[PDB]
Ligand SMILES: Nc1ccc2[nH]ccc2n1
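This document starts with one chain, in the form solved without the ligand, laid out as structure tokens.
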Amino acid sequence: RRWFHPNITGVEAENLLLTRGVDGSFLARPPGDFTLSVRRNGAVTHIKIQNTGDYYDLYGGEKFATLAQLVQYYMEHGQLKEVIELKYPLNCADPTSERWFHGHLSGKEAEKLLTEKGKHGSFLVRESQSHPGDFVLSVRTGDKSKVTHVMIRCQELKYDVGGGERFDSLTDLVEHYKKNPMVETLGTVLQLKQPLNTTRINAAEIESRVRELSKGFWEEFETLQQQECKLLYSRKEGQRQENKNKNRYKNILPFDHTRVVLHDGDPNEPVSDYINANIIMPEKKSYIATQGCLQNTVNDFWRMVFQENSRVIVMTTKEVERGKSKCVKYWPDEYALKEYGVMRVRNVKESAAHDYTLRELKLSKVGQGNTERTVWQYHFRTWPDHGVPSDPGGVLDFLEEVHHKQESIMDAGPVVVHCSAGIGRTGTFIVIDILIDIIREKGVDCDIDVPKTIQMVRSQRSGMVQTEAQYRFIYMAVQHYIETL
């Protein structure tokens, strides 16, 4: 994922592509807008990428779950027109978005952090205090334990540890000594197992962390974004011909290993086991992150809810936003009974609160009355068309209500959560709900790690939590919930 340059300007990107790149050389750079800079016929074109919180929208292109999925699509596929060819990624040397980089940091400060949070193989790279321009690799080893500092020299734009090979970037040096560990004169192996954790904080320290991130949130988000290519999971079922029109956005697909598999399908139907949905297990309650129903997937949605024994549905979108259909009406009108294939749904009662509508639905399979169960549909209606809410109170009051309903029903299946593509707002609500569940059970006496939780959820459905404004809103929701304890 080296092709993403987070600190490059427009002019610097053009110069980089003209001096160090050839025809086909590309790079991506960052309000939540991004630019895809491509060298063609000895000239640089700039393609705008927009993300309002739902997906990455390539202008005059396609919609995507991640920027890496966008890059892979056009590198593999005359699909990018204005034909623009994506051939050679121009690699970023800058280490700011790497978990191991720290910048201005002292030896004792690094030692203190490595003693406070680190274990065997924990490492960091910081700017040297004695020799300006030079760097220091500080690594931990043990089970007594010890911290080792290794000098990194910056000679004529290249990096080395005092001998052997010289590297173009600190990223190449780190990757080399990760694969080939340094061995001390007394046989101590300097294994670079994992970067030092710098995001896991105590729930009581949220107020000061948010104060530090408001001075910062973007920087922490990009470090998280730089790890999206670690998740090497197949999305083949969604790409099948017969499953293509079951996806709201053809490129936004579920992971095969966590997708909801629909059983008891129509025998006259070739492929009836598919729905664009994934099971989200926190690593007490589980979730189903899905897209908004299409006219041709309403029957599949009710089959999933039935099969999974789901009693609570969280809708985080209006049916229509900016004149576009974000989800078809998969529920009857109040007091009405409707049949959606083999599934029969009754709308018993609607209750309208300030930020949401609750619909009490009765679900059963046709031909068997005893299969009837109550499904509580929570429909959040006040979420803005673009960006995030100003105050997280409305969402916290909503999720507190969703949690208590789910908790009141014995042996309830996962909480169904959907929006448009089922990755942005869906991700935000699920991550906020997982974190608040920790704080509800353990109070202030618990460690919360916002980026780690997002990466754990993203390993189950790609694109979970789309923007920096959503990332920040998770911290503001968590902080607000802690303030009201």
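Numbering starts at 1 and runs along the sequence shown.
There is also a form solved in complex with the ligand; it is not shown, and the following applies to it.
No clash is found between the ligand, overlaid from its position in the entry with it bound, and the backbone or C-beta atoms here, as no atom lies within 2.4 Å; the site counts as open. Residue in contact with the ligand in the entry with it bound (any heavy atom within 4.5 Å), chosen from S128, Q226, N299, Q406: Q226. Contact with the ligand in the entry with it bound, judged by any heavy atom within 4.5 Å, is made by just one of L58, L67, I448, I436: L67. Stretch 226 to 234 is the contacting one of 226 to 234, 134 to 142, 324 to 332, 286 to 294, since its residues have non-hydrogen atoms within 4.5 Å of the ligand in the entry with it bound. At a distance threshold of 4.5 angstroms between non-hydrogen atoms, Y481 is out of contact with the ligand in the entry with it bound. Within 4.5 Å of any heavy atom of the ligand in the entry with it bound lies no heavy atom of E165. Residue contact check for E339: none of its heavy atoms lie within 4.5 Å of the ligand in the entry with it bound. In the entry with it bound, the ligand stays beyond 4.5 Å of every heavy atom belonging to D160.
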